[PDB]
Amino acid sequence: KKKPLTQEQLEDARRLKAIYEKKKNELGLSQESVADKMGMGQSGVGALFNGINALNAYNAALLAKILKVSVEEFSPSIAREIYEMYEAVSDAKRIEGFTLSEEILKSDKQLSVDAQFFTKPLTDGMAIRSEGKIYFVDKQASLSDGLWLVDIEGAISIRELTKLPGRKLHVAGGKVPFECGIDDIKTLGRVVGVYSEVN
């Protein structure tokens, strides 16, 4: 028959068409050049772009790969569907990502990590990439001796802490270890896992 595209598919097509017309020259693609990649004809490509045929998860997956974008960039609904379907194979956790350069923390792309990486249910957590390593930080953990993502007077660095009597601390990890009170250091989270490449 003919179904009229329930107006989220219609607006998804508009973003998809807009995200293609401005990047076809960037990638040297045409509607037939995309038709061959999907195993279709040019008639089928224009239907998806001009909001005549409703695209599915498979087509959205390939269309995102052809344009090297995310389905979120043109269809946030299916990306929710993709994440929901991926909860069946393995509950990979979408951890917000950060970068630590010059002791400065900046938000970055969210990071996908399987729940098997962690021995505890990391609900509020971060993923900081620094010095060729990725540090997985538990934002809600009790203060104890261990590896912590701390802040010392406007500088963020990974340091190993050791509680001392008299409400003092021992900070290790920097080029020079030192001691100070527990309130001289702001704790942003406890490091629970470290990933690194060949060193």
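For every residue, the number given is its place in the sequence shown, counted from 1.
Colleague: Would 163-171 or 42-50 have the larger average of its C-alpha temperature factors, as given in the entry?
Modeller: Stretch with the higher mean C-alpha B-factor: 42-50.
Colleague: In the PDB record, does 95-103 or 116-124 carry the higher mean Cα temperature factor?
Modeller: If you average the C-alpha B-factors of 95-103 and of 116-124, the larger mean comes out for 116-124.
Colleague: Using only the C-alpha B-factors in the record, can you name which of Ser130, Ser30, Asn59, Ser157 has the highest?
Modeller: Highest CA B-factor of the listed options: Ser30.
Colleague: Going by the entry, which of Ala141, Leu147, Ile134, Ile152 has the most elevated CA B factor?
Modeller: Comparing C-alpha B-factors across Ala141, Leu147, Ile134, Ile152, the top value belongs to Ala141.
Colleague: Which third of the chain holds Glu179 when residues are ordered by C-alpha B factor: lowest, middle or highest?
Modeller: For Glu179, whose C-alpha B-factor we compare with every modelled residue in the chain, the answer is the lowest third.
Colleague: Could you tell me which third, lowest, middle or highest, the C-alpha B-factor of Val192 occupies within its chain?
Modeller: It belongs to the middle third of the chain when residues are ordered by C-alpha B-factor.
Colleague: Ranked by Cα temperature factor within the chain, is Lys186 in the lowest third, the middle third or the highest third?
Modeller: As the PDB entry reports it, the C-alpha B-factor of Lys186 lands in the lowest third of its chain.
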